[PDB]
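Step one of this worksheet: look at the structure below.
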């Protein structure tokens, strides 16, 4: 929207630590809007997808997805929700690839996410039906 | 966005009739987003404030305000909600002044709208406390 | 839809009584669908608008409008709902013209109907804002 | 109803990709009604039953069936609901034939769909009881 | 249905007292169906419409009408419900004719009863729209 | 009640197909009342017991039994409710014995139906306690 | 029942005060059951109807009537409920006779009590319809 | 209470069939109250504990116990409830004994019944804690 | 219970101010229990009944009475609840004596308090029925 | 509180039976207050902890604990609640020690009881964390 | 807590406009807390109590009081809640002293606020009982 | 806040027993707010983390975390909530390290705690994602 242009969070992330990158985003003023907070938090999830993190990104994405469901943002800003859902599905598929013990417990969450993605943009989500 | 982009709709209202302006907006091809429909509908409320109409604009604004409350749009896009609430309060205080018999039935709805406006931007709403 | 083409029930209303016209409508076919029932019942409300009746038509229309709200028919078949709402508003305005004692108790119902009509087709409803 | 007459969408699926077929539908326009959206979405489910897809069609059909249940469309437009339920059962059965591990978890959903189909048109749904 | 054929109960009301007529009905063979009880209670309401009583008949009819609403008897046995609603409306109109102070408090109950009668058999109820 | 006397429907099932027998009943109609619909649907379940069908009859009976529970029919017209539950238990006791794997799977429901039958006519149901 | 058979409570009331008669009752011994408590409390209401008290008896009776409604005692022990309701109606009619200011606020309570009495034993209650 | 004194019903069970005993107990002759019905139904459960029956008695007792819970009869008439609960527990312990497969599913129901018995009369229930 | 024995606080209200007496109470030693807080707060209400205060005592008593209702203290410690209810009734009667404008709005609260007092100890409350 | 001082009840348990001891307690005045009943019932649970009983004591304690939760007695009289919870935990730990098959099903109940004890008096409960 | 120390905001209100002062606060910079937002918003209510404003201050205070009720801030930070409630009561009393038309509608809100203040600090609130 | 400065309580746990340390805390004396109680209880959880205890600390922390959720303390005082959640996570990870049987049942609680920590301060929580 405006507060989503941070590829310098990505700089900080690589030069300094991952905590420093997030700490930067948290510090960024003069944050007021729940819109700007959610977007800032999406950056945090995006930056956590660059190096290791993953589990952190999954936690961050789950929170954004839950807030999006409440605020019914699939109607106003669908591209943002599609992104969150797709990122969440991608990472869950990797977590499900590492260990098959959780593949069974992650299966309902993944089916729901795919259903959600199909609901937002079927054409875009069609490719994601086959893993 | 792009819908709100349409000052030509306002011209149609003056050249042709008021129905023609709404019919054109209604006509125009075509919205799909549950969002952009709301923006198109805001233009309708705006165009209905340009000549007489008023009661039409009040009905239109009440609908937009009610959808905004459900979608909790005061958080995402507050300036739009502030506009809707303010326009609605202007036209209500008006209805309550045309005649004084309705001044009393409306009073709770007006106080709620003012509360809402103060909640969004108290600085901007401050001027609206004294009529 | 199919079982809507019945102007002969209107002749029955003129030649024979009003009870005969409705009684004819009630028996008439091998009616099944809730669609056909609702349409058949709309004919009853339409035929009750021809001679005196009015109060009967208002009762009939209130029922159809209530079923339409439940079935969320404003989305699927809006023209039919617009018709019901408009007919209901026309007749309530006439009942409100006869005696001003009920004008105050009918005022909320009439505003709601107009709000509903505006919601379905603003351009079409615009003309109905001024009584 | 009107925007259902699209067999050219099926051609696009064969000439271009499956995504191309769906995206062609996603931009009608000037799609407005929840009716025309649901019908357009049915075409998407129909087109997804032509080549591979299946899982996509099942997701699409589950959404349509869920919306039909809410809108209580089994009463108004039963043939459309029957189609959705029957298509859903057919594909569910095929998924149940491929792997018997999910046959046990799909069994409640399939019994419910059959019960629903019988409820709509028992004569038509009689043939589907024996697997 | 079977235990409805009691015109002798009407004789007892004229020969002995009204309490004696009801007291007899209350002591019929040990029939227990809620059907037989409701019918027996309808006879009580019918017998209370013969001499003075009225207020007793109104209380009796209100009870039957309330039980019919719960048991959704307007669907199974509509003629009986129509009878109860019509008798209830007739007597309320008479109570409304005696004193205009309660005419305003009885007005919602009477409109609801008429709406109910119209819902059961419009043709039959049509005549009851004009008082 | 009146439209229950249809043994010719049973002939159609043997001469023509099973679909034809059900299609006939639907056809006939000349149905309206939710009473006549229910009864007609009870004939469908009866005709589905004659040749194979069974699963179709179980689905049909369950629907009738569920409608009976809602309409609280074990009070007004209990004999019929007994018939539905009894036929339903009878067919399920058949499913049992055969594939006696679920049949343990079954037993709770089967329990309900016996409890249900006892509650209506304990004397009549007494014989059914021992299989 | 056999708790019921005190008058000696009635004796204490005339000999010693009214507080002394209740004080005796209150001290059981030994009450256990809610049946015995309710019965004991009915004696208290009965004893409060002997000399002045009245307002005390009304309070006592209102409590018993409310507990009877909850415990659905109109079914098991109707004579006791009839007694409570009748006593309550009698005393309310007396309070309504003293001052006409409360006659209007007591009117709903009295109509409900009469409706309740009619529901328990119509024959017995019939005489109470006319004041 | 009055219609409980029936040991001749027990004779009919031995001389004629079990159906005849229940059928004879169904020959009222003057049922009205829900009290008399519940007591009559207790006799049926008692008579079903005499020869085989058991499953019959269990169904009968479950119904009485469920009605007692609704009517909160543990407070008014606890001895009758204690009898029902104890008889129910006895016969469930027996079913559980016959097959150690339903001992696990009957365990919650049996613990609740014992808890209920302990709640009514601890001293009397104490002996039933050890099976 | 232990920290209830404080007539020394009554002194501080006469020697120093009323604020000093309450501030002294709020101070006290190391209280922990919600019991000790409620009792301390009762002392505050008692001390506010000595000089003017009244409105303060009413506010204090309403709070204690509301907490007693939640904690269902009428069962455990009824004497304390009786005291609170009686003190509250006494003061409301005085407030109702000063101005008859609030007598009508205080009437429901006073009847409920008396009903509550009667419920706790009828004998003790009997004297309070006549004002 | 007053009727808690009963060590003679413990003698009766040893001299006569366990039923005799409980039967003794069930008959002792002023058997009224829900306080006195709960305390009397605590003595019953205490006496059931002396010889065998155990399962009886567990049932008795569960009832007292449940009533304490409703009456929110952890606030007013925490020592008594602590006693009940601790006794309940002690006996459940013994039942778990006898057979480890139920140790897993008793584990949630025991964790909740310990949490409850810790909440009442952490210092006192600290010792109970290690079994 | 930290961002509460702002008397310069009060100067801006006198030098520039009331909107300039509020705006200045809304600026921050770069708070998140969500403590701050409530504290910052309290400063806005405080600054609105200096010149005219009042109605603005009332809306601001109502919002803070409502958030405090949700967050149950009367427990954590009572002095701040006391301030809000007291300020709210003061201003409502003045709005009452301007026109007696709203005195009656403001009366419940004022009694509740006083009750709330008494609940936080009785001693401090005691002085506010007399207007 | 004020009563948080207690490192002497930690000495008591080393010199005397753990019970003595907690026993000192309760006898502050004598905290009066819910804030001071929660802080005092945090000290108890902190002191239980020094020697063995652990299970005690987990119970203490679960209580504080649950109260923080109710009081929505993550907004006002996030550092304290972060501490509680982090301490709770640390100890659960240790309990999960000791035995892998509970690792699967503790997994949902640990994910929720981490999600909560990430929600409070993502940067701070980032380090805790990888175990």
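A compact table of results
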{"quantity": "Residue C:55 within 9 Å of the chain's Cα centre (by Cα) and surrounded by 15 or more Cβ atoms within 10 Å (Cβ to Cβ)", "calculated": "no"}
{"quantity": "Residues that are farther than 23 Å from residue F:67 by Cα and without any contact (Cβ under 8 Å) to a residue 12 or more places away in the chain, drawn from the range F:1-17", "calculated": "F:7, F:8, F:11, F:15, F:16, F:17"}
{"quantity": "Residue D:39 surrounded by 19 or more Cβ atoms within 10 Å (Cβ to Cβ) and under 30 Å from residue F:25 (Cα atoms)", "calculated": "no"}
{"quantity": "Of all residues making up the range F:112-131, the number that are part of a helix (DSSP H, G or I) and either facing another protein chain (nearest Cβ under 9 Å) or in contact with a helix residue (DSSP H, G or I) (Cβ under 6 Å, 6 or more places away or on another chain) (or both)", "calculated": "13"}
{"quantity": "The lone exception for residue A:61 - which of (1) in contact with a helix residue (DSSP H, G or I) (Cβ under 6 Å, 6 or more places away or on another chain); (2) under 27 Å from residue K:26 (Cα atoms) it fails", "calculated": "(2)"}
{"quantity": "Any hit, the range H:88-101, residues being in contact (Cβ under 8 Å) with a residue 40 or more places away in the chain and crowded, with 18+ Cβ neighbours inside 10 Å", "calculated": "yes"}
{"quantity": "In the range J:58-77, residue nearest to the chain's Cα centre (by Cα) [restricted to those that are within 17 Å of residue J:110 (Cβ to Cβ) and surrounded by fewer than 16 Cβ atoms within 10 Å (Cβ to Cβ)]", "calculated": "J:66"}
{"quantity": "Top-ranked residue in the range I:1-17 [being part of a loop (DSSP other than H, G, I, E, B) and exposed (fewer than 15 other Cβ atoms within 10 Å of the Cβ); ranked as farthest from the chain's Cα centre (by Cα)]", "calculated": "I:16"}
{"quantity": "Test: residue in the range J:3-12 that is closer than 24 Å to residue G:28 by Cα and within 14 Å of chain G (Cβ to nearest Cβ)", "calculated": "yes"}
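Every residue, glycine as well, gets a Cβ built from its backbone with ideal geometry; the counts of neighbours run over all protein chains shown. Bear in mind these aren't lab numbers, they're just calculated from the coordinates by the rules spelled out.
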